[PDB]
Structures are given as C-alpha cells and as structure tokens.
Amino acid sequence: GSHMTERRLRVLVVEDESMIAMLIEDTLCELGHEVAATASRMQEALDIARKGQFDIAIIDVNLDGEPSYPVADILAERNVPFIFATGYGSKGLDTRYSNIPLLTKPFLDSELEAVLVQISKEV
C-alpha cells in the first residue's frame, strides 16, 4: 500500500544563485519539502512578502550583493511565521518557528539548528 502522507511544506529560499540552488534541491531529497524558491528573485520575494503563508522565506541581504530587497529587510523588522538568512543571520528574528536554521555560512549548523531548534518553544 502507499496511501500515506509525510507533511509537505514549502520553503521559498533565495539569496544568490548556485549556492542556494543545489543547496535546496538536495536538502529536500532528504526531508521531502514541496519545492519553493531558489537563487534570489524580486518577483518571488514579493509573492512570499504578500502571501504571508508559505511555511518559510529565506532571502540573504548581504551575500553576493544583499539582493534581499527592502522587504527581506522589513521581513526581519517585524518577522512573521517563517525563517530567514542573511549576512547578520536574521538578528534573533521572531516567529512561530524559533530562529531554527538561521543561514549566512557555507551550510553546516544550519541543517542542525534547522531541525533541532524547530521545537516552537512556547510557540
């Protein structure tokens, strides 16, 4: 039988180009997310900026050219349910997730804090 589910989530991650690409299709190969965003795009950000309903949103604002638009900047000033990564590593951003995998490095503790910190913590 194969009638089962495994929690399908979305993660619009973006920042540069190949550093966030292969780093998003390989991570899913292990978790099973349902694809979302790769590289840094102004059209996608606006979508996750107006959607406020996409599980997560990464948009580095200081790597390869801080292409995180003035919104990733704002997305950090108020923070919403999601996740983010940037040259400063969010900044203690607030959300129902709990910092989780704050990104701004060559991948490492990220995946670690990515799932070991997703306890919600007093939600």
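Note: ideal-geometry Cβ built from the backbone for every residue, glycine included; neighbour counts use all protein chains shown. Throughout, read-outs are computed from the coordinates displayed, never taken from laboratory work.
Could you tell me how many of the residues in segment 52-74 are farther than 23 Å from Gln118 by Cβ and acidic (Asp, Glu)?
The number of residues fulfilling the criteria is 3.
Filter segment 86-122 down to residues that are part of a loop (DSSP other than H, G, I, E, B), without any contact (Cβ under 8 Å) to a residue 24 or more places away in the chain, charged (D, E, K, R) and over 21 Å from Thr38 (Cβ atoms), then give me how many there are.
Residues meeting the conditions: 4.
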